[PDB]
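Novice: I am attaching a structure below and will ask some questions about it afterwards.
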Amino acid sequence: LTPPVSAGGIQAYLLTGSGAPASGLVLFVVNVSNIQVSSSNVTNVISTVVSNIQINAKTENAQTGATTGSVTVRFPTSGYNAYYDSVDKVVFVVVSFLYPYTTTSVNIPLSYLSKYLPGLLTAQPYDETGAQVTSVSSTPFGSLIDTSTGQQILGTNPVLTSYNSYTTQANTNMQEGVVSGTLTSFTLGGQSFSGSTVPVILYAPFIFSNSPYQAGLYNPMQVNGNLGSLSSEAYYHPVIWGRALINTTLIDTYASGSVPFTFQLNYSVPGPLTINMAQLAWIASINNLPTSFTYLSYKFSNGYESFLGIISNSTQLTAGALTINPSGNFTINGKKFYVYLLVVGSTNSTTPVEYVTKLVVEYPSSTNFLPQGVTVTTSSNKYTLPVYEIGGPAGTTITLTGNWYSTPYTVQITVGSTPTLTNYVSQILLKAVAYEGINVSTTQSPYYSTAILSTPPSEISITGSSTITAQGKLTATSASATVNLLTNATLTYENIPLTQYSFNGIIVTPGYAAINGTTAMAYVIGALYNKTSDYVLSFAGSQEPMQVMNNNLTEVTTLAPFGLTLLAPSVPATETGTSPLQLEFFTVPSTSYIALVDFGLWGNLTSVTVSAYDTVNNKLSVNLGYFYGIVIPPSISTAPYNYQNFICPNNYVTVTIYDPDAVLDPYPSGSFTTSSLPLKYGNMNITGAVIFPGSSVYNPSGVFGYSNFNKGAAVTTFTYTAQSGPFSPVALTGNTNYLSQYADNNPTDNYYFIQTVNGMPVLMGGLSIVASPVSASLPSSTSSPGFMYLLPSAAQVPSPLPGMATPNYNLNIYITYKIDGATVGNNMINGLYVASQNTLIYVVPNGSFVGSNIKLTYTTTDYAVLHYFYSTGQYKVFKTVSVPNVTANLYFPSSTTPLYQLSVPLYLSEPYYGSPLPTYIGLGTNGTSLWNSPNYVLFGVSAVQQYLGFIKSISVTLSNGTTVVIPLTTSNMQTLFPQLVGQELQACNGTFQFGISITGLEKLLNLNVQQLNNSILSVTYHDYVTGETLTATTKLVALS
Ligand SMILES: *[C@@H]1O[C@H](CO)[C@@H](O[C@@H]2O[C@H](CO[C@H]3O[C@H](CO)[C@@H](O)[C@H](O)[C@@H]3O)[C@@H](O[C@H]3O[C@H](CO)[C@@H](O)[C@H](O)[C@@H]3O)[C@H](O[C@@H]3O[C@H](CS(=O)(=O)O)[C@@H](O[C@@H]4O[C@H](CO)[C@@H](O)[C@H](O)[C@H]4O)[C@H](O)[C@H]3O)[C@H]2NC(C)=O)[C@H](O)[C@H]1NC(C)=O
Ligand SMILES: *[C@@H]1O[C@H](CO)[C@@H](O[C@@H]2O[C@H](CO[C@H]3O[C@H](CO)[C@@H](O)[C@H](O)[C@@H]3O)[C@@H](O[C@H]3O[C@H](CO)[C@@H](O)[C@H](O)[C@@H]3O)[C@H](O[C@@H]3O[C@H](CS(=O)(=O)O)[C@@H](O[C@@H]4O[C@H](CO)[C@@H](O)[C@H](O)[C@H]4O)[C@H](O)[C@H]3O)[C@H]2NC(C)=O)[C@H](O)[C@H]1NC(C)=O
Ligand SMILES: *[C@@H]1O[C@H](CO)[C@@H](O[C@@H]2O[C@H](CO[C@H]3O[C@H](CO)[C@@H](O)[C@H](O)[C@@H]3O)[C@@H](O[C@H]3O[C@H](CO)[C@@H](O)[C@H](O)[C@@H]3O)[C@H](O[C@@H]3O[C@H](CS(=O)(=O)O)[C@@H](O[C@@H]4O[C@H](CO)[C@@H](O)[C@H](O)[C@H]4O)[C@H](O)[C@H]3O)[C@H]2NC(C)=O)[C@H](O)[C@H]1NC(C)=O
Ligand SMILES: *[C@@H]1O[C@H](CO)[C@@H](O[C@@H]2O[C@H](CO[C@H]3O[C@H](CO)[C@@H](O)[C@H](O)[C@@H]3O)[C@@H](O[C@H]3O[C@H](CO)[C@@H](O)[C@H](O)[C@@H]3O)[C@H](O[C@@H]3O[C@H](CS(=O)(=O)O)[C@@H](O)[C@H](O)[C@H]3O)[C@H]2NC(C)=O)[C@H](O)[C@H]1NC(C)=O
Ligand SMILES: *[C@@H]1O[C@H](CO)[C@@H](O[C@@H]2O[C@H](CO[C@H]3O[C@H](CO)[C@@H](O)[C@H](O)[C@@H]3O)[C@@H](O[C@H]3O[C@H](CO)[C@@H](O)[C@H](O)[C@@H]3O)[C@H](O[C@@H]3O[C@H](CS(=O)(=O)O)[C@@H](O)[C@H](O)[C@H]3O)[C@H]2NC(C)=O)[C@H](O)[C@H]1NC(C)=O
Ligand SMILES: *[C@@H]1O[C@H](CO)[C@@H](O[C@@H]2O[C@H](CO[C@H]3O[C@H](CO)[C@@H](O)[C@H](O)[C@@H]3O)[C@@H](O[C@H]3O[C@H](CO)[C@@H](O)[C@H](O)[C@@H]3O)[C@H](O[C@@H]3O[C@H](CS(=O)(=O)O)[C@@H](O)[C@H](O)[C@H]3O)[C@H]2NC(C)=O)[C@H](O)[C@H]1NC(C)=O
Ligand SMILES: *[C@@H]1O[C@H](CO)[C@@H](O[C@@H]2O[C@H](CO[C@H]3O[C@H](CO)[C@@H](O)[C@H](O)[C@@H]3O)[C@@H](O)[C@H](O[C@@H]3O[C@H](CS(=O)(=O)O)[C@@H](O)[C@H](O)[C@H]3O)[C@H]2NC(C)=O)[C@H](O)[C@H]1NC(C)=O
Ligand SMILES: *[C@@H]1O[C@H](CO)[C@@H](O[C@@H]2O[C@H](CO[C@H]3O[C@H](CO)[C@@H](O)[C@H](O)[C@@H]3O)[C@@H](O)[C@H](O[C@@H]3O[C@H](CS(=O)(=O)O)[C@@H](O)[C@H](O)[C@H]3O)[C@H]2NC(C)=O)[C@H](O)[C@H]1NC(C)=O
Ligand SMILES: *[C@@H]1O[C@H](CO)[C@@H](O[C@@H]2O[C@H](CO[C@H]3O[C@H](CO)[C@@H](O)[C@H](O)[C@@H]3O)[C@@H](O[C@H]3O[C@H](CO)[C@@H](O)[C@H](O)[C@@H]3O)[C@H](O)[C@H]2NC(C)=O)[C@H](O)[C@H]1NC(C)=O
Ligand SMILES: *[C@@H]1O[C@H](CO)[C@@H](O[C@@H]2O[C@H](CO[C@H]3O[C@H](CO)[C@@H](O)[C@H](O)[C@@H]3O)[C@@H](O)[C@H](O)[C@H]2NC(C)=O)[C@H](O)[C@H]1NC(C)=O
Ligand SMILES: *[C@@H]1O[C@H](CO)[C@@H](O[C@@H]2O[C@H](CO)[C@@H](O)[C@H](O)[C@H]2NC(C)=O)[C@H](O)[C@H]1NC(C)=O
């Protein structure tokens, strides 16, 4: 039992799961293990306990939590059912609250109940009245006594009426039922009883939860105070960036165990957008093409080429020695027409260049002028039509001859020198819809908690409405016309005779950078001029969206046709007309985020509505969830550093990068993957994205929701692993072809996620480092994605939601010289290194330390930031860390020093020599200074003997003004310095102490003991680290 029931306490549990007898059953238990019970007194103990139970029954509005009716009830003195189990030592009662068993009792098999009361398989329960029995019967709710009244609960009472009617009540009125119990405190057999149950929910509708989060979704990072102004409104206006997960909670009382949920997301922007569109192909009857023109086919991002489509009555097109066979045929009321599809390019070719897979031509019906359509097929009735190439060197001309009806026509193409691109630019009221699925489980029914993507890598349908308009001149024998569509696309008709058709039309594709040629839409418009009572020129047009895959341009669906009619009773006339027109583009999966940024549907003004479906039970949400879109630029900063940040092994410099758009998963160290499939939603099967938590990428099969669904072997598993070399880097391992299906929180690999087309990422984002004067860089040309395991910091305990991510990334930088030239196996320590999770180490030679520097550049990971801030440059940020110069010093303790004393200390000081104790500087030869530091270690590498300076000269200037310069030799030093080593005095304070010895100095000069030696002593030292030459002096004194 979860939760447990205390000594003499009361608790309640809902009967659920497989084999559960009916809905709306709750089990109450009181713990009676605290005393002995026997066949002699069992009737008295159950009677005593069940007398003291009180039950409270409520109805509520499921969104707001407002109470809408409440009753409180007590068991009668006879006619109830209550039991005792000897094995588990508990008294129990089952109450039935909901239809149909509100007034009548229901029977619960003892096999089932053993889940909660396992003792029941060991011995049969005691009944009331002391018997034992094999089966349990509910006490019905409609039998209990109203404590308000002292009588049986009324049949007319609103709570009982509601519970008896719950199916339509929950759906229509958003009603929820809630029940709880308590035991009025009493003493029995020398023990005492007291308590109150947890409440339980009997029924509730399928909704997004709206308390405390009023919108049904939330972003943890905004609820905690981390986004500035935006934290004022986190409970009713959630914001999220393009590729990340947003958290949500659903209430579901139909569910048991795990459930697949499918979701539908609708995107919208205030007011119309300006869209840029390129012409993929041009289709016309041979009468409508101009007599002479210049053309060369454009080549799109996916390799597809623009084509020119001629329709004619002739069984071939003829061009001298070359003849072209038709790609396909169609018939209209017994007349037969042929379609020729051509690419103008390099050389006349007899094999297919590429294909078009279904193609609808629309025409006005002869009877009624309503639209009708036919699909063009090959001469053996297969649907895929081939496209041919004609061409030659630039300025070569090709004449094609064909027929329209009875009349021969010639067209004269000149092979252009540069690709013909036609751009149309229009204003359209765009919107888009997308679909997504996840598998969710819970330990706290009926609450299902989960997170869903901001933008899924599914097919996404971008959709919008526009206008077509026609103008026309009609006459006794022929008619002439023009049409406009997509703001500035124009089509024209050569004069159409009475009873004859003519065709024209265009196929268009998005004119943006990465995605062009991957999706298209086709309009083919036929015209007919005929005499009735009135003269009628009629137009009919197809509308079909298409996609390119493996060089077939293929039909996705057909939308409805459209039609326009111009009517004249007068013989000569001019007329005009209009119709609505529709536009639809289906994205190919990898392109889906780029499309939404490019068209303008994703940005600071966008708003999204979400609905949800349970795939086990076939239910839809009775409310909708809401969220809003945001784009935020990066920023870089550093904590203030002096020279002290570079002395001893525990000192370092901290750089903080702020970039919320790099946090795709609200949990730090979290991971997920994604794949595309058909999903069940409503009563239909629709292409969508399925999210899998973890670090393995899958190629699934079947339809998500049904029992076909099978995710196969893991195609690739990504992991961060330790590696060889010094220190030990942690870096990403796994097949890089699949990074466009993996999400983490690391900016050194997050830039691939839904931003990779043709196998190359659109934005080379992340962190880049350069170092000087020892030239090094990361990433190097050979370096993989994920060269270090950089992750964001977690929100701490005073925050409302701890352990969740923060937009700050903290990077630690160390610069040092003490371990330069160390070796770790085969490795030589010099240059720039990654260490641990968030650490960089730079090791440089002694002579290059002051002035050494690192320059860090951070570029955004998200394509929306690159797009909206390209011009201003706010998508990159830079910082540089460098080692400052410091003032060293050498000094005898006092200006005057007495000759009486045998040794007079000379102290050297320079901050950058400091280390943990002990450390010492040795002297010898021509005054060479050697530094040793045995206790120094940095990430496992330990310090090496360094050569850091020299004593340059030592001199005495005597009382007659003569100056003596003492030559440094292996013999002279040992007298002047009796110990050849100077020790450091305290930890990390570089101040070394040496014993220049007067007793030695006398003998080394042979100068008269004191009588000559009212003199100035001098010493000088050069250090390589700073470059300074220090000097110190003292007047040697005695009575003179
Ligand atoms: C989408 O909308 C987002 C939310 O507003 C925008 O994010 C914000 O970006 C600002 C910088 O970019 C702005 O400036 C460029 C041109 O230079 C233009 O593209 C836009 O104008 C764009 O908004 C940045 O705001 C700062 O610059 C503003 C200049 O326009 C200025 O008005 C602000 O006052 C800021 O100086 C935001 O960065 C945050 O700014 C807030 C200030 S406030 O909340 O905006 O008032 C800081 O909060 C403050 O923190 C200090 C701590 O010391 C407190 O003392 C103080 O009480 C508190 O207000 C944040 O620290 C700072 O990060 C940035 N907002 C967020 C969410 O970080 C985004 O650019 C819009 N996108 C587009 C497409 O433009
Ligand atoms: C694809 O296949 C196409 C169909 O056969 C070829 O088209 C033909 O192109 C000819 C030019 O191609 C030649 O030159 C290029 C270099 O630019 C080479 O790469 C080719 O190998 C080839 O040698 C074109 O001829 C015209 O241009 C010539 C320039 O070299 C020159 O002879 C004349 O200036 C030509 O006008 C064909 O166009 C037709 O040519 C005939 C004559 S002929 O067939 O060339 O002998 C003309 O008839 C003449 O009309 C004049 C009117 O002034 C009369 O005075 C004369 O009595 C009469 O003969 C036609 O008017 C003219 O249209 C052209 N054929 C057609 C009809 O399309 C193409 O080369 C192939 N591409 C490749 C290289 O694969
Ligand atoms: C907002 O929504 C986020 C959805 O992305 C939620 O993130 C998920 O967080 C889980 C832990 O959160 C718990 O603790 C926080 C406090 O930090 C509480 O606020 C939460 O209420 C909750 O109690 C996290 O679960 C994992 O970590 C747990 C340790 O805390 C551990 O007990 C679990 O067993 C999990 O490992 C989710 O992280 C991922 O979890 C999946 C498994 S599952 O989704 O939990 O079932 C792991 O996948 C597995 O990986 C192993 C590899 O060992 C494979 O063998 C196995 O095949 C595969 O299933 C992931 O590796 C692991 O990262 C985390 N979900 C994701 C996808 O990141 C977040 O909590 C929500 N916020 C709130 C406030 O509720
Ligand atoms: C383009 O011309 C093609 C011929 O060059 C046409 O292909 C022939 O289509 C026949 C009729 O089917 C078509 O009905 C409409 C006509 O355009 C149109 O909606 C569709 O294109 C639709 O496919 C087709 O016959 C069908 O019915 C036969 C019953 O007699 C049956 O035997 C076939 O299996 C088929 O379903 C032709 O197939 C040929 O049928 C021959 C018998 S007969 O139809 O000549 O009486 C028989 O020898 C053999 O089965 C088969 O060769 C088919 N003809 C050829 C040569 O493949 C095509 O429809 C035109 N396209 C359009 C759209 O106009
Ligand atoms: C369809 O797909 C193609 C593939 O992605 C596009 O070709 C690439 O276009 C780049 C810029 O795109 C913009 O300008 C086009 C006109 O030049 C325009 O048609 C697009 O709609 C879009 O607005 C093009 O960059 C060139 O043009 C820039 C002017 O905007 C100019 O600044 C550049 O110097 C360059 O001349 C790509 O060429 C590539 O440029 C790379 C730098 S970047 O400009 O992309 O940042 C450079 O690293 C690379 O070496 C170079 O090749 C060009 N890419 C290729 C592979 O050719 C094509 O334009 C799209 N066409 C349509 C119908 O819009
Ligand atoms: C690093 O190590 C050095 C070891 O040589 C330290 O030098 C010693 O510093 C003492 C005072 O330091 C304090 O005041 C500084 C400003 O004056 C300040 O920058 C420091 O950060 C620190 O706050 C100095 O003591 C003098 O002042 C005392 C009162 O404050 C006075 O009591 C002493 O008699 C003296 O006047 C030391 O001076 C020498 O002291 C010898 C006695 S003892 O101090 O060892 O007990 C005495 O026999 C001698 O005659 C006198 O010269 C001084 N040591 C030396 C050899 O000069 C230094 O502060 C450390 N720096 C840091 C930043 O850690
Ligand atoms: C397109 O131009 C072609 C040229 O090849 C021409 O073909 C002619 O076909 C008719 C049959 O007409 C039937 O089909 C068409 C649709 O294909 C329908 O519109 C009609 O209602 C009919 O059902 C043949 O009668 C022609 O055969 C030729 O006759 C020539 C003399 S002619 O004076 O009769 O034209 C002879 O020289 C040829 O030997 C013989 O093959 C045929 N015409 C030609 C010259 O091949 C159609 O007229 C044109 N179709 C349309 C849509 O107008
Ligand atoms: C720290 O950096 C200083 C300055 O760059 C460097 O001084 C250079 O000293 C070498 C000799 O040092 C060698 O022996 C000692 C043993 O005492 C070892 O500890 C060292 O590891 C070395 O093996 C001298 O060769 C340099 O003097 C000048 O060299 C020039 C050429 S260079 O390429 O070697 O620099 C000549 O052209 C000049 O004529 C000559 O004066 C000296 N460098 C300079 C420019 O003064 C130390 O070795 C470094 N200390 C350590 C241990 O890193
Ligand atoms: C300042 O007073 C000093 C003490 O009297 C003198 O310098 C010392 O005297 C040493 C020897 O006497 C004379 O030699 C120097 C140099 O040759 C002469 O310039 C003066 O006449 C000195 O009095 C002297 O030793 C040096 O010279 C001798 C040879 O005479 C050599 O054997 C030695 O190797 C050495 O080169 C030194 O200059 C100094 N000795 C000591 C112990 O310090 C001198 O009177 C005057 N200084 C000078 C040199 O003018
Ligand atoms: C668009 O044209 C495509 C030609 O590359 C074609 O894809 C190939 O289909 C074959 C099996 O289909 C047969 O029929 C087609 C008729 O279009 C033939 O072109 C093809 O050679 C086959 O005989 C299959 O092996 C594979 O999916 C494709 N072949 C390659 C190159 O891998 C499509 O059938 C066509 N339209 C679509 C997508 O339906
Ligand atoms: C019910 O019956 C048993 C006797 O069958 C009671 O147990 C005795 O209680 C007394 C004091 O209450 C103890 O001193 C004895 O140890 C018990 N005797 C036996 C035979 O076990 C039990 O307490 C009774 N329960 C109630 C609530 O009356």
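Under the deposited numbering, the first residue of the sequence shown carries the number 30, and numbering increases by one thereafter. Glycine is no exception: its CB is placed at the ideal position from the N, C-alpha and C atoms.
From the DSSP output, in three-state form, read off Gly978 for me.
Specialist: As a first step, residue 978 must be located in the sequence shown, where it is residue number 949. It is a strand residue.
Novice: Among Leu43, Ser67, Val78, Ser69, which has the Cα closest to the Cα of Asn60?
Specialist: Taking the first residue of the sequence shown as 1, we reach residue 60 at position 31. Among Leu43, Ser67, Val78, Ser69, the Cα nearest to that of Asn60 belongs to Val78.
Novice: Going along the chain, which residues put their C-beta within less than 7 Å of some heavy atom in ligand 10?
Specialist: Per the Cβ criterion, the list is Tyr384, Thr386, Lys411, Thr413, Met578, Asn579, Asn580, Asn581, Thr583.
Novice: Have a look at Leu807 and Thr868 and give me their C-alpha separation to the nearest angstrom.
Specialist: Locating residue 807 in the sequence shown gives position 778, counting from the first residue. Locating residue 868 in the sequence shown gives position 839, counting from the first residue. Cα to Cα, the separation comes out at about 13 Å.
Novice: Considering only residues of the same chain and omitting the five flanking positions on each side of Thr683, which have a CB-CB separation below 8 Å?
Specialist: As a working note, residue 683 is residue 654 in the sequence shown. Cβ neighbours of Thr683 beyond the five flanking positions: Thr667, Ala668, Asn839, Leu840, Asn841, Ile842.
Novice: Please state whether DSSP places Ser80 in a helix, a strand or coil.
Specialist: Position 51 of the sequence shown holds residue 80. Helix.
Novice: Counting only the same chain and skipping the five closest in sequence on each side, list residues whose C-beta sits under 7 Å from that of residue 21.
Specialist: Within the shown structure, residues of the chain are numbered from 30 to 1069, placing residue 21 beyond reach of any answer.
Novice: Check whether the Cβ atoms of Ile236 and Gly206 sit closer than 8 Å, and answer yes or no.
Specialist: Here residue 236 corresponds to residue number 207 of the sequence shown, with the count starting at 1. Here residue 206 corresponds to residue number 177 of the sequence shown, with the count starting at 1. Not in contact: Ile236 and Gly206 (Cβ atoms no closer than 8 Å).
Novice: Would you kindly check if the distance between the Cβ of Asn918 and the Cβ of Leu792 is under 8 Å?
Specialist: The residue you call residue 792 lines up with position 763 of the sequence shown. The residue you call residue 918 lines up with position 889 of the sequence shown. The answer is no: Cβ separation not under 8 Å.
Novice: Determine the direct distance from the alpha carbon of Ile497 to that of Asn533, and round the result to whole angstroms.
Specialist: Position 504 of the sequence shown, counted from the first residue, corresponds to residue 533. Position 468 of the sequence shown, counted from the first residue, corresponds to residue 497. If I take the Cα positions, the gap works out to 14 Å.
Novice: Where do the N-terminal and C-terminal ends of the alpha helix (DSSP H) with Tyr192 fall, by residue?
Specialist: Here the question's residue 192 lines up with position 163 in the sequence shown. Where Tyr192 is concerned, the enclosing alpha helix (DSSP H) stretches over 187–192.
Novice: Skipping 5 residues on each side, what residues in its chain have a beta carbon closer than 6 Å to that of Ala602?
Specialist: By 1-based counting over the sequence shown, the position of residue 602 is 573. Hits under 6 Å: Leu503.
Novice: Buried or exposed for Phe907, going by 16 or more other Cβ atoms inside 10 Å?
Specialist: The residue given as residue 907 occupies position 878 in the sequence shown. Exposed, by the Cβ-count rule.
Novice: Do you know how far the Cα of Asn1043 is from the Cα of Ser1069?
Specialist: By 1-based counting over the sequence shown, the position of residue 1069 is 1040. By 1-based counting over the sequence shown, the position of residue 1043 is 1014. About 7 Å.
Novice: Which residues neighbour ligand 6 when neighbourhood means a C-beta less than 7 Å away from any of its non-hydrogen atoms? List them by chain order.
Specialist: In chain order, the hits are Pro922, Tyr936, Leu1014, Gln1015, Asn1018, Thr1020.
Novice: Going by C-alpha to C-alpha distance, which of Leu256, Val744, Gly98 sits closest to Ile661?
Specialist: Looking up residue 661 in the sequence shown gives position 632. Minimum Cα distance to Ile661 is reached at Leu256.
Novice: Would you say the beta carbon of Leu1005 comes nearer than 7 Å to a heavy atom of ligand 9?
Specialist: Against the sequence shown, residue 1005 aligns to sequence position 976. Result no, Cβ not under 7 Å from ligand 9.
Novice: Applying the 10 Å Cβ sphere with the 16-neighbour rule, what's the burial state of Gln92?
Specialist: For this step, residue 92 is matched to residue 63 along the sequence shown. So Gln92 counts as buried.
Novice: May I ask you to check if the CB of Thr991 is nearer than 7 Å to at least one heavy atom of ligand 9?
Specialist: What you label residue 991 is simply residue 962 of the sequence shown in a count that begins at 1. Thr991: yes, Cβ under 7 Å from ligand 9.
Novice: Write down the C-beta distance between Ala310 and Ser335 rounded to the nearest angstrom, noting that I regard them as a contact closer than 8 Å.
Specialist: By one-based count along the sequence shown, residue 310 stands at place 281. By one-based count along the sequence shown, residue 335 stands at place 306. Separation of the CB atoms of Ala310 and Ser335 is rounded to 6 Å, and the pair is thereby assigned contact status at 8 Å.
Novice: Mind reading off the beta-carbon distance from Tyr530 to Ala510? Whole number of angstroms is fine, and I expect it under 8 Å.
Specialist: Taking the first residue of the sequence shown as position 1, residue 530 is located at position 501. Taking the first residue of the sequence shown as position 1, residue 510 is located at position 481. Contact flag wrong, Cβ pair sits at about 13 Å.
Novice: So what's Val617 in DSSP terms, helix, strand or just coil?
Specialist: Here residue 617 refers to the residue found at position 588 of the sequence shown. In the structure shown, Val617 adopts coil according to DSSP, grouped into three states.
Novice: Is the beta carbon of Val102 sitting closer than 8 Å to the one on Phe57?
Specialist: By 1-based counting over the sequence shown, the position of residue 102 is 73. By 1-based counting over the sequence shown, the position of residue 57 is 28. Cβ atoms of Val102 and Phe57: not closer than 8 Å.
Novice: Find the nearest neighbour of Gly606 within the set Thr586, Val626, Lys365, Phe568, judged by alpha-carbon distance.
Specialist: Against the sequence shown, residue 606 aligns to sequence position 577. Here the closest residue by C-alpha is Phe568.
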